[PDB]
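First, one chain by itself: the form deposited in one PDB entry, in structure tokens.
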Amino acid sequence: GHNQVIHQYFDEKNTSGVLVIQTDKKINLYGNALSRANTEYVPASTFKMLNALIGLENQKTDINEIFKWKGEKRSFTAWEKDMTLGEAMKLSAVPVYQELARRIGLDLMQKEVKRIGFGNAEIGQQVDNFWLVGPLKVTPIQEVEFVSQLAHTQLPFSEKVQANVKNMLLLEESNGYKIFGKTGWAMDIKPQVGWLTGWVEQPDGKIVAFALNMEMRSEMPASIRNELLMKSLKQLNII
């Protein structure tokens, strides 16, 4: 349950980051830059959790809808295919979620973001990028609470919608343990910010929420978010 080791982990990967842990409304901070936890960063793709919630609750889409790829080149070849909301969730396929955001529209999206009170709750005028380059910003502490509420089905949306989004977030399942989460990586801002937000469902159903937030660099493999999370959750004996 320390705290200096976990500091060494961040130290070793030459990054600046924080790991926010929330266990039944008790919050703990870890990593090598704890002041990040109350610092506002753009959510990047972590916002997909909320985008989906808003989209499903307002019936702009459903979990079965197949989003058609219409041929434009995308940032990743893995994105160039028809997919569902859930598939797009697993791949962080931005263009699908931008299509969703456009269906929702600026009015509906702004209203929802403030009703939920997400981060600074400002989305500006472009409904299809506000979470990648601003103006929307959120603290890693705000994210762990958000995701904690989602895990407990406590967000101001219908339970079926929350359960549908939770089902899209399963990352690993081993030894009676479940890890749910969403990565983010805002590459077009400086400094770059990487996220891994989610929760652990322990074999007895106890839920432990986490929000990893770290400064990123282009040379980094994306899986560095996963490694820094996974070895920390092991140190704290959460898995």
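Residues that one form lacks are left out of the comparison. The first residue of the shown sequence is 1; numbering continues from there. Rigid core here is just the name for the largest C-alpha set that superposes within 1.5 Å across the two forms.
The next section is about a form of this same protein that is not shown, the form deposited in another entry.
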Core-aligned between this form and the one not shown, the sole member of 139, 92, 164, 148 showing a Cα shift of 2 Å or more is 92
Aligning on the core only, does the CA of residue 77 end up 2 angstroms or more away between this form and the one not shown? yes
Shown form as baseline, in the other entry, CA residue 54-residue 78 shift of 3 Å or more puts them farther
With a difference of at least 3 Å, the CA distance of residue 224 and residue 74 in the other entry shows the atoms farther
Superposed on the core, the stretches of at least three consecutive shared residues with every Cα displaced by 2 Å or more between this form and the one not shown, in sequence order, are 70 to 82, 92 to 94
